[PDB]
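Using our numbering, you'd call the opening residue of the sequence shown number 20 and step up by one each time. Idealized CB from N, CA, C, for every residue including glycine.
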Amino acid sequence: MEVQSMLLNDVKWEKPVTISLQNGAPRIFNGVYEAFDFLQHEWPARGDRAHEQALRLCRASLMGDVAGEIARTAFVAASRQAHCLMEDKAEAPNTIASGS
């Protein structure tokens, strides 16, 4: 069966996961494997155990024991320690008063 995940990406994410890079740009990951690798390459403010928890859960995601939003929420908690939190956006921010 052709899985919705990848072979190069053992565990694919939900997709809409955006990391706001201070010296870069909002980087949207498609797979947890990318994020796990990213965590080792150029993660701005590492931190402590919370940083390790991020890698830890990504490792567990490779086994298929962690779901997308589950790891996602915890990844935000790790990003919280790094203070690299994604600034929340609003979809369709330009509306009109005359509607219904």
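Asked                                                                                                                                        : Found
Assign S39 to one of three DSSP states: helix, strand, or coil.                                                                              : strand
Counting beta carbon pairs with one atom in the stretch 106-114 and one in the stretch 75-86, are three or more of them shorter than 8 Å?    : no
Check for me: the alpha helix (DSSP H) holding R78 runs from which residue to which?                                                         : 68-82
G87: which of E71, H102, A54 sits nearest, CA to CA?                                                                                         : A54
Assuming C77 and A90 form a contact by the criterion Cβ under 8 Å, report the distance between their Cβ atoms to the nearest whole angstrom. : 7 Å
In this structure, how does DSSP classify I115 when only helix, strand and coil are distinguished?                                           : coil
Quick one: using the 10 Å Cβ neighbour count with 16 as the cut-off for buried, is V36 buried or exposed?                                    : buried
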